[PDB]
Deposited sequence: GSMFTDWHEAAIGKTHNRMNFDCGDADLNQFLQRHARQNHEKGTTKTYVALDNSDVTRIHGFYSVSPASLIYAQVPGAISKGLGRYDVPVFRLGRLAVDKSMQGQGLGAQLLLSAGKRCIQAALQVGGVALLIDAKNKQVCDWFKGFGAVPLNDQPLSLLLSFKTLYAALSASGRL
């Protein structure tokens, strides 16, 4: 059914950044020009999905960081700032798998240092729709931002034995 002949690593020097095209210039240029610097600084960590045969080929990536939302009358979260899959590899479920893997990574951190949800940044409304697909709830007053509970994410990963 889904593409599963890949493995995840932190963005590294070996990984072919220039072959990656997800059909968005900004996301391509983020991976090419900014991923590694930001990962070294700790501003956002980028994880890549590599082919199991060609271990320098990038099928897709995601980026995360700690953040909080302030209630007005704090919510500790991890921000999924970016997610992308190469055009050559789209429509094979890898996007979905990366959302889950980012959930996994952030939940494991949140067990140590807190966090209750994934705050998802959607670039455009086509991507925001894609996220709604997975049960991410768009905020009304921030329309290109969604929230997805760690309870929801954990339930799914527990179900499959990824936690």
Item to check | Sequence ranges without modelled C-alpha atoms (deposited numbering) | outcome: 1, 75-86
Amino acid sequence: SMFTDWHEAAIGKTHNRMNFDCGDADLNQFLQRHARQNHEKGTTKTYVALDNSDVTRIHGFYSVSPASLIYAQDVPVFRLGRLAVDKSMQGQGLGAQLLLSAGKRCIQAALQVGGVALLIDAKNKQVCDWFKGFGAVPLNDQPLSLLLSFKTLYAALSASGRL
From here on, numbers count along this sequence of modelled residues.
Next on the checklist: If you take the mean CA temperature factor per stretch, which one wins between 41-49 and 109-117?
Outcome noted: 41-49
Checklist entry - Per the PDB record, is the mean Cα temperature factor higher over 16-24 or over 149-157? => result 16-24
Checklist entry - What's the residue among 99, 55, 137, 128 with the greatest CA temperature factor in the PDB record? => result 55
Checklist outcome for this item: Tertile call for residue 69 (CA temperature factor, within chain, third-based) is the highest
Checklist entry - With respect to C-alpha B-factor, does residue 104 fall in the lowest, middle or highest third of the chain as deposited? => result lowest
